[PDB]
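Observations on the model geometry
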Amino acid sequence: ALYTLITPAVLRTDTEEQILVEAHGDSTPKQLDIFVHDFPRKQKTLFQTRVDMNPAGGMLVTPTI
């Protein structure tokens, strides 16, 4: 019932960065995708992945974008 997303304020490039996807109150396990587009228009995806968020992991997932 509360999905949060925490990235660094200034994302470096050519660097394996960590973000933080979190779900407070939901426990139905999910498969959820992360897309990294550009700002002004939806351009080519700079990154694209898929990570799974299960309550055995604590309903938080830390992808490596």
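For the structure, see preceding data.
Heads up: these notes are all about the structure in this document. (Residues numbered from 1 in each chain as written, not as in the entry; some residues may be left out. Part of a larger assembly, values for the part shown. Heavy atoms only, no water.)

1. Some details on the sheet that holds strand β1 (residues 2-6)
Rule in force here: Should DSSP find at least two bridges between two strands, the strands are regarded as paired. Only DSSP runs of H or I covering at least 4 residues are called helices, and only runs of E covering at least 2 are called strands; the numbering of each starts at the N terminus.
Here we have three strands laid out as an open sheet, ordered β1-β2-β5, and antiparallel in their pairing. Strands with a single pairing partner mark the edges of an open sheet, and in this sheet they are β1 and β5 (60-61). Bridging between β1 and strand β2 (residues 20-24) involves five bridges; their strand directions are antiparallel. The partner of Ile6 across the bridge, within β2, is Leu20.

2. Details of the environment of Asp38
What counts here: Contacts were defined at the residue level, with two residues in contact if any of their heavy atoms lie within 4.5 Å.
Position of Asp38 relative to the elements: it lies in the loop between β3 (30-36) and β4 (47-53). For the pair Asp38 and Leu20, spaced 18 residues apart in sequence, the C-alpha to C-alpha distance is 20 Å. For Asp38, the contacting residues outside a window of four places in its chain are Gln43, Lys44 and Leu46.

3. Some details on unusual backbone geometry
What counts here: Each residue's exposure class comes from its accessible area (1.4 Å probe, protein chains only) as a fraction of the maximum for that residue type: buried when under 20%, exposed when over 50%, partly exposed otherwise.
Its identity is not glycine, yet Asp14 carries a phi of approximately 55 degrees, on the positive side. As for its position among the elements, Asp14 is in the loop between β1 and β2. Accessibility expressed as a relative area gives 85% for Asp14, which makes it exposed.

4. A look at the side chain of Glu17
Applicable threshold: Positive charges come from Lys and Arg alone, negative charges from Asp and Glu alone, with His and the N- and C-terminal ends not counted. Here, a salt bridge means any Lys or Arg side-chain nitrogen found within 4 Å of an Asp or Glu carboxyl oxygen.
On the secondary structure map, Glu17 appears in the loop between β1 and β2. Of the side chains with opposite charge, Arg12 lies nearest to the buried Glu17, which makes no salt bridge, at 5.1 Å.

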